Each structure stands twice: as C-alpha cells, then as structure tokens.
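Asker: Experimental structure below, sequence on top.
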Amino acid sequence: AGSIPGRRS
Amino acid sequence: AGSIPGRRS
Amino acid sequence: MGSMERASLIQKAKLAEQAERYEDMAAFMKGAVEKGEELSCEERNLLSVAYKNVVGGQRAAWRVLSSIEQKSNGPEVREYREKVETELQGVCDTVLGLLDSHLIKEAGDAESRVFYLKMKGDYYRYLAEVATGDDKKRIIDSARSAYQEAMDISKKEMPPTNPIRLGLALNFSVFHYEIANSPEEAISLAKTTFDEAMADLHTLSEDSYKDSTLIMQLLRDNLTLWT
Amino acid sequence: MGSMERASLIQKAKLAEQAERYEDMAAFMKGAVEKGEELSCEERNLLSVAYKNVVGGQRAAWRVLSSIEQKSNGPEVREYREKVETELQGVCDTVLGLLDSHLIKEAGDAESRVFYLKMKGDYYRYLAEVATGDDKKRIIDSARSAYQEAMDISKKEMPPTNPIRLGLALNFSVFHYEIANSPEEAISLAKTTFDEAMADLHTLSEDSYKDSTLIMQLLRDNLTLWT
Ligand SMILES: *Cc1ccc(S(=O)(=O)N2CCCc3cc(F)ccc32)cc1
Ligand SMILES: *Cc1ccc(S(=O)(=O)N2CCCc3cc(F)ccc32)cc1
Ligand SMILES: [Cl-]
Ligand SMILES: [Cl-]
Ligand SMILES: [Cl-]
Ligand SMILES: [Cl-]
Ligand SMILES: [Mg+2]
Ligand SMILES: [Mg+2]
C-alpha cells in the first residue's frame, strides 16, 4: 500500500 | 561514452 | 546553517532537489525552518519532499536488513540493522522536533496546520514501523492522535477534493492497515474519502481536477490491493 | 572503524551493498583496507563498487549544478556547485590515499596491480573532470601515467580477453576521448582491444566468454557513439 509521494510524479 | 560498471548488471 | 540567509537556503534546497541530493536538501530546509519564520505553501512542500526522500531510503534499507536478519534467525546483521534503525529514528526525531518547535503552534490557517499534523502522523508512523519496546503502543497512539486532529480540521475547513485533505486520508488509511491492525477501518476511510471526492469533482477547474483525481487513484490502488 | 574486526567490516560492506547504502559500504571498505592486509579478488571488487557508486552520484550532481551555473552565466548556484565539487575531490583523495598507502606497493600479482592502477587512473580522471586551476595539466598526466603503467603490465601478463585488461582499455579509451582531447587515440584503442579480444574468445569457457563479451559490447557501444 502506497502513501502520498513528495511530488506529483 | 560509458566506463566499466561496478557490477556485471 | 545559521550563517546562511533564509532565501539562500530555500534556493539551495531547490537546487539540491534538482541534483537529487536529498540529504543536503533536508539540511537546507532544516536551516530555513530554524530561521523562525512561518513557511509558505511551496516551502512546506520543499521540507516534506526532502525528509520524505531521506527517511524513505532509510526505510527501504531497514526492510532489506530486517528481512536478512529474520532469515538468519554472528552479530553483524543485527548490529548493522540497529545502526540503520538508530539513524532513521534520529531523522524522525529531528522532523518531529521542527514540527514541535515551532511550526505547528504558529500554524493557524487550515492548510498549514493540517499539512504539519499530517507530517507529524507520518513521522510517528515511521517510528512505529521499527518499534518493539515499552513505548511502541505510545508511538502508535501519537501517530493516531496527530492524524485524528488533522482529520477533524480538514473535515470542518476544506472541501472533500482538497489535495491535502485527500493525502491525509490516504496516509491515515495506510496507518490503519499497516500499523494499527485495523484493515476494515482503512478500507472504510479510503472508500468514503474516494466517494465524497468523486461527488465534488464537478466544482473544480481542469488543474484542480487533475490533482484531486491523481490522489483518488492512489486511494483506489490501495483499495484494489486490500480487497 | 579501527575497533571492528576485518571480517565484520567485509560482511557489513556486503550487507550495505544489498541495502543500497553505498556511503556505508565505502566506509566499511576503507576500514578493511586500513587493517593493512592485502585484499582478495572479491574484496577488491567490494572496494571498487562502493567508491564508484559514491563518486558516481557526486559526478551526476556536479554535472546538474554545472549546467545550471553555465545557463545562469546571486552566488548560490556557484557556491553549491563548489560545495559538491569539494566533497567529490575529498572522496577521490581518500581513494587515491588508500591506493598509495599501501595497496599498490604491496600488489605483486598482475591481476591485483593492474586493478589498483586502473582505479588510480579512474580517480585522477574524476578529479580532471572538475579541474580548472594551475594543477589541471598535472592531474591529467597523473591519470595518464597510472593507466599507461596498467596497460603495460596487462599486455605482458594477461590474455587479451581478460576482463580486467578489457575494462582498463575501456576506461583509458574514455580518458582519451573525454579528458585528453584525443578522440582518434580513443577510437584506435577501443577498436584494437575489441579485435584482439574477438580473436581469443575461442579459448574461453562459457562463463569467461560471457564476461569478455559483455565488456566487448561496451567497447562497441562507445565506438558506435564516437564514429
Ligand atoms: C500531504 C500532501 C502534501 C502536498 C499535497 S499538494 O501540494 O497538493 N501536491 C504536492 C506534491 C504531492 C502531490 C501529489 C498529488 F498526487 C497531487 C498534489 C500534490 C497534497 C498532499
Ligand atoms: C575494472 C574491472 C574490475 C572488475 C572486473 S570483473 O571482476 O571481471 N567483473 C566484476 C564487476 C565488473 C564487471 C563487468 C563486466 F562486464 C564483466 C566482468 C566484471 C572487470 C574489470
Ligand atoms: Cl554496524
Ligand atoms: Cl500563524
Ligand atoms: Cl552551499
Ligand atoms: Cl603482495
Ligand atoms: Mg536575513
Ligand atoms: Mg582481528
């Protein structure tokens, strides 16, 4: 499961 | 231009 | 970084990101926070990107070492996993210290305060991933409390498509699933967040739509993995 | 690392590589070299992998910063490029110091001595990439001299398919093209190396064939870029 990335990419 | 890598991959 | 101008630290943090020098980036942003002034939206993102990358690399290395150690069960694997763990804990403590001295207390607008409380939940969650001792329950509860305060503000002050509100819900859902042993709560939060955002997309411009839908896809990706 | 056993440093360097912690890996290998004993084949490769990765990341960041600085032409971009440059130079000086104290002088077998002299040429070449002052010609000549001594030993003592001999020729050809402004010498060296290796492949086992052909493909990739 993924959390939010630092940048949109 | 490429030099030798550290590992075969 | 006390002798460098605030504006020069911000400029060099942006250069460090371009050069993929995230340890430098985090040191420049720590110096900027320690100037004592509040951070703008763009500056908050620089702070988060820097530390998220540093601690993300530490987490990945800790997981590699922890897997080797578990398969093995001399002292070297344990010693080296402990070294990496201590360095990870030190970076989390540094971020938490910046948030406590004094970013959160000076943050009055909903966007800044939610951003910082989400970070606080994240760095306690990273501490919880490696915790085993007498304080592990307390570390879990510290993450929960920070995320919960952020959720309460976000639901009162921000629309359901706001990207900060969405990323907070995403990360708190990951907390429920991976840390708190609450997969049903994780799934419920992700589903309700997704559906409430869907119903508000009609209000948004093209650029805001793009941001909200990007995070909604992350919520959906987790729901697909969990169900 | 003076209080840690040699064998524990080697073990932890291997763990650090698996965890992609190359700065740690290089520190463990520096500690191993400083025990004063010669290195085995496998240990020489750990030393080279560690520092090649550390300096490779520095080089990539220096090139990003140098490009920004050249497009710009405040002091911040130059200052930060200089900071990265100084850190790169310090790592190169550390590697060169290990080779001079005392890896090269204790290396008698052709495989070890060629390996270390190739490294010496490489780290002077990395210094030459960032050099501009009164010593830049001398740094270039130091790289050339190390590579030339390695070439002379390799041609007397190793077959033309030996992977160390091949990687040395590859890197010395890159030196000629990118540092010494000698593209014709670079192309000649790569072509003669490739052709002489081709003619010796019939002597090799399947596993040695795989190693020699892998480096021959790197020589060919450069010749295709340069011609
Ligand atoms: C936690 C969080 C932080 C920042 C944002 S954002 O400013 O809207 N933004 C910046 C980088 C991360 C990101 C990822 C997206 F998919 C969409 C927007 C953003 C949101 C949440
Ligand atoms: C300079 C050099 C160092 C080591 C070798 S090798 O031991 O033969 N080996 C190890 C890793 C790098 C590499 C790459 C190849 F394509 C083939 C073999 C190797 C050769 C040269
Ligand atoms: Cl250790
Ligand atoms: Cl305020
Ligand atoms: Cl600087
Ligand atoms: Cl010897
Ligand atoms: Mg000032
Ligand atoms: Mg001993």
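Answerer: Happy to help now that I have it. Numbers count the residues shown, from 1 in each chain, chains lettered A, B, ... in the order given. Ligands and ions are numbered 1, 2, ... in the order given.

Asker: Quick check: buried residues in whichever strand or helix holds residue C:222?
Answerer: In this structure, residue C:222 sits in helix C:206-226 according to DSSP states H and E. Residues C:211, C:212, C:213, C:214, C:215, C:216, C:218, C:219, C:222, C:223 are the ones in helix C:206-226 that count as buried (16 or more other Cβ atoms under 10 Å in any protein chain shown). The way it works is simple: take the backbone N, C-alpha and C, and place the C-beta from them, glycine included.

Asker: Ok, stretch C:143-157 next?
Answerer: Neighbour counts using 16+ other Cβ under 10 Å place C:143, C:144, C:146, C:147, C:149, C:150, C:151, C:153, C:154 of stretch C:143-157 among the buried residues.

Asker: So is it next to ligand 1?
Answerer: No - on the criterion Cβ under 6 Å from any ligand atom, stretch C:143-157 is out of touch with ligand 1, staying 9.7 Å away.

Asker: Then stretch C:107-124?
Answerer: Yes - Stretch C:107-124 lies within reach of ligand 1 by Cβ under 6 Å from any ligand atom, at residue C:118.

Asker: For that stretch, output the C-alpha coordinates as PDB.
Answerer: This file holds the C-alpha atoms of stretch C:107-124, laid out as PDB (Å, rounded to 0.1, in the frame of the first residue of the first chain):
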ATOM      1  CA  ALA C 107       0.200  27.400  12.000                       C
ATOM      2  CA  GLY C 108      -3.300  28.900  12.200                       C
ATOM      3  CA  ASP C 109      -4.600  28.500   8.700                       C
ATOM      4  CA  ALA C 110      -6.200  25.200   8.000                       C
ATOM      5  CA  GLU C 111      -3.900  24.400   5.100                       C
ATOM      6  CA  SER C 112      -0.700  24.900   7.100                       C
ATOM      7  CA  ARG C 113      -1.900  23.200  10.300                       C
ATOM      8  CA  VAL C 114      -3.300  20.100   8.500                       C
ATOM      9  CA  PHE C 115      -0.100  19.800   6.500                       C
ATOM     10  CA  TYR C 116       2.100  19.800   9.600                       C
ATOM     11  CA  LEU C 117      -0.200  17.500  11.600                       C
ATOM     12  CA  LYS C 118      -0.200  15.100   8.700                       C
ATOM     13  CA  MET C 119       3.600  15.200   8.700                       C
ATOM     14  CA  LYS C 120       3.600  14.600  12.500                       C
ATOM     15  CA  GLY C 121       1.400  11.500  12.000                       C
ATOM     16  CA  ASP C 122       3.700  10.300   9.200                       C
ATOM     17  CA  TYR C 123       7.000  10.500  11.200                       C
ATOM     18  CA  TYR C 124       5.400   8.800  14.200                       C
END
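
Asker: which stretch of helix or strand covers residue C:160?
Answerer: Using DSSP H and E, residue C:160 maps to neither a helix nor a strand.

Asker: What parts of chain A come near ligand 1?
Answerer: A:4, A:5, A:7, A:8.

Asker: could you list every residue that touches the residue in chain A positioned nearest to chain D?
Answerer: Residue nearest to chain D within chain A (Cβ to the nearest Cβ): residue A:7, separated by 16.4 Å. Neighbour list for residue A:7: residue C:49 [criterion: Cβ atoms under 8 Å, 6 or more residues apart in numbering or on different chains].

Asker: quick revisit: let me know the closest of the buried residues of stretch C:143-157 to chain D.
Answerer: Using Cβ to the nearest Cβ, residue C:143 comes nearest to chain D of those, at 25.1 Å.

Asker: Establish whether the longest helix along chain C and chain D are in contact.
Answerer: If you go by DSSP state H, chain C has its longest helix at helix C:41-72. Yes - under the criterion of Cβ under 8 Å from any Cβ of the partner chain, chain D is reached by helix C:41-72 at C:57, C:60, C:61, C:64, C:65, C:68.

Asker: How many residues are close by residue C:38?
Answerer: Using other Cβ atoms under 10 Å in any protein chain shown, residue C:38 is surrounded by 14 other residues.

Asker: The one 5 residues further on now?
Answerer: Applying the criterion other Cβ under 10 Å, we find 18 residues in the vicinity of residue C:43.

Asker: Identify each of the helices in chain C and give its residue range.
Answerer: C:6-18, C:22-33, C:41-72, C:76-98, C:104-106, C:110-130, C:136-157, C:163-178, C:183-198, C:206-226.

Asker: Select, out of those, the one closest to ligand 4.
Answerer: With respect to ligand 4, and counting by Cβ to the ion, the nearest of the helices of chain C is helix C:104-106 at 4.6 Å.
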